[PDB]
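Some notes on the structure that comes next.
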Amino acid sequence: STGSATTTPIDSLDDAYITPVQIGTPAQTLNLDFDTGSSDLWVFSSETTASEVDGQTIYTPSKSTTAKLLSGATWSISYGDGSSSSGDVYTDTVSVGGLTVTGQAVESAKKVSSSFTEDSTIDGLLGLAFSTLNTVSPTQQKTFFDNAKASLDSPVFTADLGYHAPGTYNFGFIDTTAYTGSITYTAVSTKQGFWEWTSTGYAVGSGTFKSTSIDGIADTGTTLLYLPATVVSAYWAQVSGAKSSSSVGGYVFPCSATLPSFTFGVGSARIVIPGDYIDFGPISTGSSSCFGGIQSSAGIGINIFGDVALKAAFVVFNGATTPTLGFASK
């Protein structure tokens, strides 16, 4: 089997991407944030505290003839950015782009943090990291991909995120028309539960490539590119007037600037992030200070190849017995 679904930016900045997902019988379609940095499929629901729901579409398990309470199971997650949610668990039928999993754990939120409430466009998350990170207790549950894998034509999914445009998540096949040149594959460590890999270096603009190992994760659920302070300083030093602002919480730059590209290495291959992808616009409406899309990972504890980086590539998440990651230009 295979599946193919379009993923759409939630706003004009590509802060996140939403993908329609069918849950239950008859189908209830919710727009979920596919997150290769976490491993829980959770939704706003009829059980979510009413004051914490503001415009989201909810899953109502009582209206699904295939929903079953997973008795005694609870979940609770805290994300790197400080947001969180928790609740109980149902199993139900879940379909993405024509690919159907029966008995998928659907984690129903009883509580969500303010950032989730305030984002009316995101009805929940669909985790695509390794199932070892799943938070359901006392019986850990599998991700949608893990459940689908055996049925898929090939045990892979691909992320093809757009810059200010829709893109695609495919399951079970590699669309050879969706990228240019070749896909370069690179080793993955699953030791921390992430799609963790080592980039071979970077360049700023038309500058020379610096060969240096940068361990990090491919994370579709993180907006920005978070890299070591040395690398980030070298990038922003090429932008007149750019500075790290403790009050804003990262690098800002004059909105009048033209940003240089940023290149990262994948083995001997190179992925170029155009300068415009690094512009996240005014820090507040009407400001001439703009927020940068490349930020320091210092104090996160891990480097994160988030959407800024991934949307410059066609990315293969190869879930074979020994997982790997593939990157192609597009």
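Residue 126 in PDB author numbering sits at position 126 of the sequence shown, and the numbers go up by one each step.
Virtual Cβ for every residue (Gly too), placed ideally from N, Cα, C.
How would you call residue i, buried or exposed, if buried means at least 16 neighbouring beta carbons within 10 angstroms?
i, result
"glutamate 196", "buried"
"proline 138", "exposed"
"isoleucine 300", "exposed"
"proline 26", "exposed"
"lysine 243", "exposed"
"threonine 258", "exposed"
"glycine 292", "buried"
"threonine 48", "buried"
"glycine 249", "exposed"
"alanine 73", "buried"
"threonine 322", "exposed"
"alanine 320", "exposed"
My assumption, with CB atoms under 8 Å, is that residue i sits in contact with residue j. Please give the rounded CB distance.
i, j, result
"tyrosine 59", "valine 106", "7 Å"
"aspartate 88", "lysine 110", "7 Å"
"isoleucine 217", "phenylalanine 305", "7 Å"
"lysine 311", "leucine 161", "4 Å"
"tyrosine 277", "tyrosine 163", "6 Å"
"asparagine 134", "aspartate 33", "Incorrect: roughly 16 Å between the Cβ atoms, too far for contact."
"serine 199", "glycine 97", "Wrong, their Cβ atoms sit about 29 Å apart, outside the cutoff."
"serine 211", "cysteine 255", "That pair is no contact at about 33 Å."
"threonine 186", "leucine 30", "Wrong, their Cβ atoms sit about 33 Å apart, outside the cutoff."
I need the boundaries of the beta strand (DSSP E) containing residue i, first residue and last residue.
i, result
"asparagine 31", "28 to 35"
"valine 266", "262 to 266"
"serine 296", "294 to 296"
"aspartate 279", "279 to 282"
"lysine 63", "Note, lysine 63: premise wrong, no beta strand (DSSP E); not H, not E."
"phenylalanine 44", "Where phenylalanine 44 is concerned, there is no enclosing beta strand (DSSP E), given that its DSSP letter is neither H nor E."
"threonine 168", "167 to 171"
"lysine 243", "243 to 245"
"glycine 326", "324 to 328"
"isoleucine 271", "269 to 273"
"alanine 5", "3 to 9"
"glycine 55", "No beta strand (DSSP E) holds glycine 55; DSSP gives it neither H nor E."
"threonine 19", "17 to 23"
"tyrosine 251", "250 to 254"
"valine 239", "Note, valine 239: premise wrong, no beta strand (DSSP E); not H, not E."
Verify whether the separation of the beta carbon atoms of residue i and residue j is less than 8 Å.
i, j, result
"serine 261", "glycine 241", "no"
"residue 393", "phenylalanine 209", "Past the boundaries of the shown model lies residue 393; the chain is included only from 1 to 330, so the question cannot be answered."
"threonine 36", "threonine 220", "yes"
"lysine 68", "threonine 180", "no"
"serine 108", "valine 43", "yes"
"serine 151", "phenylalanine 173", "no"
"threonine 2", "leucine 99", "yes"
"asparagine 147", "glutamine 192", "no"
"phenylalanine 327", "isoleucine 283", "no"
"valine 188", "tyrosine 235", "no"
"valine 232", "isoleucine 273", "no"
"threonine 57", "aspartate 123", "yes"
"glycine 127", "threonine 66", "no"
"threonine 177", "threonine 6", "no"
"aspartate 279", "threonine 223", "no"
"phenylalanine 116", "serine 78", "no"
How is the alpha helix (DSSP H) around residue i delimited, first residue to last?
i, result
"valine 308", "307 to 310"
Does the beta carbon of residue i fall short of 7 Å from some heavy atom of the ligand FAD?
i, result
"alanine 298", "Here there are no bound small molecules, and the ligand FAD is not part of this structure."
**Item:** Secondary structure, beta strand (DSSP E): runs of 3+ residues fully inside the stretch 174 to 233
**Value:** At a cut-off of 3 residues, the continuous stretches assigned as beta strand (DSSP E) that sit fully inside the stretch 174 to 233 are 184 to 187, 196 to 204, 210 to 218, 225 to 227.
**Asked** Can you list the alpha helix (DSSP H) stretches of 4 or more residues lying completely in the stretch 72 to 160, in chain order?
**Response** For the stretch 72 to 160, whole alpha helix (DSSP H) runs of length 4 or above, ordered along the chain, are 114 to 118, 144 to 148.
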